[PDB]
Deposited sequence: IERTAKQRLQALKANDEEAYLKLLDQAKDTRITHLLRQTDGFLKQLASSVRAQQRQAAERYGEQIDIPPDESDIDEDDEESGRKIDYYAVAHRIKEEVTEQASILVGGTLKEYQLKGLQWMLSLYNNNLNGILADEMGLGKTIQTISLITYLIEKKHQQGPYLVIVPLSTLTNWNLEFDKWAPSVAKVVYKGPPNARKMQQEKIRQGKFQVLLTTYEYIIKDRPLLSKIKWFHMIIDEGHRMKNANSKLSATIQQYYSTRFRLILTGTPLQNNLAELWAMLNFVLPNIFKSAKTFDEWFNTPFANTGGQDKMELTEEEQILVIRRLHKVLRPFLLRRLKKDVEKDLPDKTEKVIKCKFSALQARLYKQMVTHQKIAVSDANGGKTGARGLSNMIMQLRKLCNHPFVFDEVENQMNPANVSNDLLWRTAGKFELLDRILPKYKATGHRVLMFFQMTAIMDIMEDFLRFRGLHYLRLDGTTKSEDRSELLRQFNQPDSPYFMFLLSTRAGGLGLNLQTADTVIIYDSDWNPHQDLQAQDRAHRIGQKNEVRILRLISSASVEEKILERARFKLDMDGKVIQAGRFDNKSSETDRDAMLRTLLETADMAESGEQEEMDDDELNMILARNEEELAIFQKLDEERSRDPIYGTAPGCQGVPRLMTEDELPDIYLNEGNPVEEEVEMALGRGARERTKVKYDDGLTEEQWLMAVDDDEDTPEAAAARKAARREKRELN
């Protein structure tokens, strides 16, 4: 264009005007906060001590640091503030949030409604924590296909609920329905991790209070800080655009660039403005008070074989009083392992041998294939509960195939064998890494890790309980686009107990990264871990033996 190159002073004159603008607005905000330097003390000038959780927070006593977290979020309410709970992973931000909701309901008579927006991969966990910790709090889970969400719209429109639990996707897609509601509180769980969503909330959603859950401290990313600032403190700049868009609106045409020191200049001011509204405690400073056992739901993918069989079964079933209970059972066999159907095993594994098909065909086995070595490599010992005995046979084949030493106990086990199996497992130097247990058939306090494979311990140790659930399956309903599951890094974050283990977990993830078959390093085949559609013949896509399978 008209760029006589010495005009670069024109971009710089615009950048200086834009930076100066950002500094004076944030200075005005801080000047105002201090007029009514310790900005925390002046922001939280109204105190209220919290000594005990609400009576309706049932099923667990808050830890001391969780009580102080509840007290801090209550200070946001009393002082008419928005805020950010940035506690490190493992401090129970989910539980603290439910403690805030119950406390506001019980003590302050704030019935709701409460808007809780969570990563799809943790939705099921959230739903479960609400059922355990706050059963009296009326809850709507807003997810699924459009015909499943229409059944909610009546209850939602009438306001006959207190908590609406949903994901970012439906906040955007179903805004015409959800933005009609006058929300009391909007809580956004950004996971540990942290586009369109911020604009949708800024323009259409009416809430009286806002809270962000994050797992990291305030970062050095301008885009993320900017998005946080404009959600927590929307009136300073009143813009739904990203930082880059906001910064470059003068030329709405080349991107104005900030020097390294200009970026740091902007980052520190945005940090300073947000600090009085941020609470973050570290695991190392509350280590003595950390809880006894914590439970996490882990969502698992379907393999292409499971997905194919599942769609076919469901279709055949809709064509058709406990014959409906049988259909539900068939879907549950699939979610556990396709090979529980003998016909599927014969077609897929005609050689009738133990190989990588054991874990490539079942999303739960493929997950266990990754995390069981991590536990083994960090000194832990695993109890595994099964509702279906038939899956225990397949698990035995897989464990033997991986060389993992286990014991097994079910209703077939004779009474004197049960005691001997327990005695062996409880031994100090037991070579047995795992205990396979039928839930129908105990003092297993040498194991600190518990995996509930499906559904219908520990000595002074952090006991961890994992509940495996197939995404988008009948298993989700029984427990009652966006990435349905979490990746290895996020998985390492919630399975590792300290920093020494997280390093061990990551070292194993890099060793797998260089596997000749499944690795993604250069010189590796890059074969997918879960079976893919191209690996399947034209089966289960009319055929009688496949309808008996669906309703058996």
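In this chain, the deposited residues that lack C-alpha positions fall in the ranges 1 to 13, 50 to 84, 243 to 246, 305 to 308, 377 to 386, 508 to 511, 527 to 541, 566 to 608, 670 to 673, 685 to 732.
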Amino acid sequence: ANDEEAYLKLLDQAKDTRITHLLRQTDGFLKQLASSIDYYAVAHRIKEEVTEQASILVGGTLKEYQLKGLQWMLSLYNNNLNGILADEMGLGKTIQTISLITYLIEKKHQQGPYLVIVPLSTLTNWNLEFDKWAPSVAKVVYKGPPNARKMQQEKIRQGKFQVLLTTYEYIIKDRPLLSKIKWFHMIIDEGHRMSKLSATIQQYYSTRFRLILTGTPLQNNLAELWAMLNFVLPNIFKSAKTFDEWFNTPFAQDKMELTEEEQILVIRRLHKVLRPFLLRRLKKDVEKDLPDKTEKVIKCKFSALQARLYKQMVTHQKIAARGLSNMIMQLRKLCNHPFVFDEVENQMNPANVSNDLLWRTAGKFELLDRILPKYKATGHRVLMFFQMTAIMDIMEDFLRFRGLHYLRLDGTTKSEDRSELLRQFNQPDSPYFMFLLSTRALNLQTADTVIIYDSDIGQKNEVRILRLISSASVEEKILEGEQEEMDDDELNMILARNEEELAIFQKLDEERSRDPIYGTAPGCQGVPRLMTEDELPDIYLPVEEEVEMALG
From here on, numbers count along this sequence of modelled residues.
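For the two regions 56 to 64 and 41 to 49, the entry's Cα B-factors average higher over 56 to 64. When 217 to 225 is weighed against 269 to 277, 217 to 225 comes out higher, by mean CA B-factor as recorded in the entry. Note on the listed residues 160, 381, 208, 333: the highest Cα temperature factor in the record is that of 160. In this structure the maximum Cα B-factor among 104, 286, 134, 171 is found at 286.
In the deposited entry, the Cα temperature factor of residue 535 places it in the lowest third of its chain's modelled residues. The PDB entry assigns residue 506 a C-alpha temperature factor belonging to the highest third of its chain's modelled residues. When all modelled residues of the chain are sorted by CA temperature factor, residue 520 is found within the highest third. Looking at the C-alpha B-factors along this chain, the one for residue 456 belongs to the highest third.
In the PDB entry, residue 99 places in the lowest third of its chain by CA B-factor.
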